[PDB]
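Let's start with one chain on its own, the form solved without this ligand, as structure tokens.
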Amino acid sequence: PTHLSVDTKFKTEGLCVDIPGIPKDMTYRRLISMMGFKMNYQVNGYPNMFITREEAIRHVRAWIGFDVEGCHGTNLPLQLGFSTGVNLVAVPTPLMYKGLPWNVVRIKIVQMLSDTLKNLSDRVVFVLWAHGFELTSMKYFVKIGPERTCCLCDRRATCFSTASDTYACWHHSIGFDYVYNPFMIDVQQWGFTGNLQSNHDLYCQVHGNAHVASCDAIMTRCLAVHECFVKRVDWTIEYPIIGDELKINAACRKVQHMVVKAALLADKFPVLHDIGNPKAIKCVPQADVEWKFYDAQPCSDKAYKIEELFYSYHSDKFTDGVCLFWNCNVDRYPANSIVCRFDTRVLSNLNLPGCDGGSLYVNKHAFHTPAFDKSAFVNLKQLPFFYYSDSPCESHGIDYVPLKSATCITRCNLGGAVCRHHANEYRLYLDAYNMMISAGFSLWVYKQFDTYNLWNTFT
């Protein structure tokens, strides 16, 4: 049990308005055949065009919602809609394109998928709410066969060209006309009552229904993300490294240690309340403070209510000292807080569109994150950049230009001239900090936080 058996039954009720007379008894084997594809009893890495929910979850970066609406069946034009927001009109002869024949439509499909997916995944997973026309339109832009590699590199092939008779991955497919060996999943097989809109609108108010194919494609992928990452959470699935994952994770650990250490030095809190990941470790192990932990897993649906986290009877006095919320998404932070909160609006290869304003942040594990909300930070202010260090000024062991900065809080800068070691550490810290901010993380702190209070820690 690794792939979806072609002999698995497929419920055809959702298909019978577009395909009247469709047999109630149907397998994937007969469905693929009805779509105009032949699998030839082939043991060459592609056992089924359709995949299991578990396989779809492992390949969430490949998800592309896809819907087809009858504009007017080989006689009428079709509107092809994708969760990228694109609508193409194919004639049989929110971006909306005029009607064109399939030979040109297929070139646009290959360009769109390659640009969307080259940095996300080695494949495409079409996420459907299958009614019939989308399945029968696939033969006009999809080719299947044995698993192949790119003609220009070692990656698996995702495109085919009829002009050159060659195969390419998403990076090398310019000029290619067929999508090759795509995967697909029909959400309608998961057991739902009622249509797409009624199921999507139960959990999301951010996507409307203009009645165009791309709106349905967006809602379909949204419902699939809600089912697989919001109401169901699996932090055991590992995802490949596709970008700056390791650097971002190291940067987050560096910034956390820096900020918490400086807040403890500047305001001398007797107690710190660490609210979040039940597996968290003291980020400033040498600090004098009474460190108290409170367990809260990442919220994937709505942000936690501070009344539930803190009230219903612990130190009990969360008002004493400082609260540390490092990626613990709450509705309204207390005024005595140090906060790291992921901004779901950020554009990156790690952050995928999510459900109800939220986003799916995929970095080693998949984390659906509730929508970023500026009102959560009304009791706090943005944490300004600063570098602090009490380590001795000594080079040990990279070219140099003297550093001049009001934000390098060191003994050497206090004395009037930043030493080489602290200039190197400052530049490294600034790089880690900028990496973390650009990845989507935002930092917030209690209003009394003032770096001017750090200078007297050098006496």
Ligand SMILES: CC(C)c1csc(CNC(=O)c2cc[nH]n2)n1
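Start at 1 and count along the sequence shown; that's the residue number.
According to the PDB entry, the deposited sequence contains 4 to 9 residues between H72 and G73 that lack coordinates. The mean C-alpha temperature factor is higher for 225 to 233 when 225 to 233 and 179 to 187 are set side by side. On average the C-alpha atoms of 315 to 323 have higher B-factors than those of the other stretch, with 315 to 323 and 76 to 84 being the two compared. Looking at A371, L264, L135, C283, the one whose CA carries the top B-factor in the deposited record is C283. In the PDB entry, the Cα temperature factor peaks, among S337, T149, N119, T220, at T149.
In the PDB entry, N453 places in the lowest third of its chain by CA B-factor. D331: CA B factor lies in the middle third for its chain, per the PDB record. Annotation for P47: CA B-factor lies in the middle third of the chain's modelled residues. Annotation for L31: CA B-factor lies in the lowest third of the chain's modelled residues. Remark: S300 belongs to the highest third of its chain, ranked by C-alpha B-factor as recorded.
Omitted from view is the form deposited with this ligand bound, to which the following refers.
Overlaying this ligand from its position in the entry with it bound puts 3 or more ligand atoms within 2.4 angstroms of backbone or C-beta atoms here, which marks the pocket as blocked. Between the options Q188, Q79, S389, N199, the residue in contact with this ligand in the entry with it bound by a heavy atom within 4.5 angstroms is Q79. Although the partner is absent here, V110 lies well away from this ligand in the entry with it bound, with no heavy atom inside 4.5 Å.
Remark: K374 does not count among the residues lining this ligand in the entry with it bound, judged by a heavy atom distance of 4.5 Å or less. With a 4.5 Å cutoff on heavy atoms, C151 does not count as touching this ligand in the entry with it bound; it lies far away. Interface membership of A213, defined by any non-hydrogen atom within 4.5 Å of this ligand in the entry with it bound, is confirmed.
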